[PDB]
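1. Make a model of this:
(one chain, ligands or ions: 2)
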Amino acid sequence: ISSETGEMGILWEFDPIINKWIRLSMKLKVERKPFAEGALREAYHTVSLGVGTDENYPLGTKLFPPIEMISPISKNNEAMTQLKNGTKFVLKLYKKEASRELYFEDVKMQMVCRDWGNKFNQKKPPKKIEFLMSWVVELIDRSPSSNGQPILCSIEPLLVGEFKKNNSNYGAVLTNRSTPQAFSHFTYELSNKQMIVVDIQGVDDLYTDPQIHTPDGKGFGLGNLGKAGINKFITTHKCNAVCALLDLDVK
Ligand SMILES: Nc1ncnc2c1ncn2[C@@H]1O[C@H](COP(=O)(O)O)[C@@H](O)[C@H]1O
Ligand SMILES: [Zn+2]
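-> Numbers count the residues shown, from 1 in each chain. Ligands and ions are numbered 1, 2, ... in the order given. Okay, here it is:
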């Protein structure tokens, strides 16, 4: 949309309720230096210069995600309000030394957790939670890295405030707060033990970068540690007033 200097990107949004990816474009201006780093990625402040369609950037014939997983229509999406021209947000790049599939899997995983957030909030707990949207962006104006595969990154809204990690994906309980731990326990019980959401982290109860474990270990990226991840959560978990309010089993 905007005529100002920045760079273009193909923007991908996953929508769980129709089970499709929605493909868009946007222009963005990203700062030169990151403002934070974790173990694997760096985060950069970025501003949006508008969201558009992908009609100038045809797909052609090896596509991931596959064509049947892509919505033919993209007129409605969260990006058009949440990343509208002017918005400050965050872009995350992996450090030098992540396949194409994993960017998409991590964004899908976050959208799945966001759904679990809504389901938890429907039980009217004392504190509601929310997982941020997340999106894949192909930075198409940048030079390809080792191959004709473009530069990929993920983007999400800016969290304002003190960022805290509340548990990890392997059993750590890092704060005293109840709601995070009760949420993890909720996802375990109400999924009939088919999955658990951990790596609950963010600002207050606005969360981002969660991790799912499933018993069979498949999908949900490299952080999916299977039954081991699940058992490690169980070992350290102490039920709290929120667990009890949600009528969860003290097993
Ligand atoms: N959405 C966000 N808004 C603001 N800060 C963030 C956000 N996500 C992550 N951070 C911070 O940036 C660091 C690097 O991101 P991560 O790759 O998720 O570890 C985190 O450890 C946080 O301190
Ligand atoms: Zn509990």
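2. contacts and neighbour counts: CA atoms only from here.
-> Noted.
3. My reading is that residue 21 is in a strand; is that accurate?
-> Yes: the assignment for residue 21 is a strand, going by DSSP: H, G, I helix; E, B strand; the rest coil.
4. Quickly note the distance from it to ligand 2.
-> Residue 21 sits 34 Å away from ligand 2, going by C-alpha to the ion, to the nearest Å.
5. what bridges to that residue?
-> residue 14, residue 70 (DSSP bridges).
6. so residue 174 makes contact with residue 167?
-> Yes: here residue 174 lies in contact with residue 167, judged by C-alpha atoms under 8 Å, at a distance of 5.5 Å.
7. okay, these two: which has more neighbours?
-> When residue 174 and residue 167 are compared for neighbours, residue 167 comes out ahead with 20 against 11, by other C-alpha atoms under 10 Å.
8. sec struct for the nearest residue to residue 34 once chain neighbours are set aside, please.
-> Closest residue to residue 34 apart from its sequence neighbours, by C-alpha to C-alpha, 6 or more residues apart in numbering: residue 44 at 4.4 Å. Three-state assignment for residue 44 (three-state DSSP): strand.
9. From ligand 2, how far off is residue 44?
-> Taken as C-alpha to the ion, the span from residue 44 to ligand 2 is 36 Å.
10. That residue: what's it in contact with?
-> 30, 31, 32, 33, 34, 35, 36, 90, 91, 92 (C-alpha atoms under 8 Å, 6 or more residues apart in numbering).
11. Try it again at 10 Å.
-> The contact partners of residue 44, taken as C-alpha atoms under 10 Å, 6 or more residues apart in numbering, are 30-37, 89-93, 155.
12. do the same with residue 105
-> Residue 105 is in contact with 14, 65, 111, 136, 219, 220, 221, 222, counting by C-alpha under 10 Å, 6+ apart.
13. so how many other residues sit close to the closest residue to residue 136 other than its chain neighbours?
-> Once flanking residues are discounted, residue 136 sits nearest to residue 154: 4.6 Å by C-alpha to C-alpha, 6+ apart. The number of residues packed near residue 154 is 21, by other C-alpha under 10 Å.
14. for residue 154, phi and psi?
-> Backbone torsions of residue 154, given as degrees, to the nearest 10, read phi -120, psi 160.
15. bridging residues for it?
-> residue 92, residue 136.
16. Let me know the helix or strand that the spatially most central residue of the chain is in.
-> Centroid check for the chain by C-alpha atoms, centre = their mean gives residue 110 as the closest residue, at 3.4 Å. Residue 110 is part of helix 100-121, with elements assigned from DSSP states H and E.
17. Touching stretch 136-154 from outside, list them.
-> Against stretch 136-154 from outside (C-alpha under 10 Å, 6+ apart): 6-14, 23-28, 41, 43, 57, 90-94, 98-100, 103-108, 134-135, 155-156.
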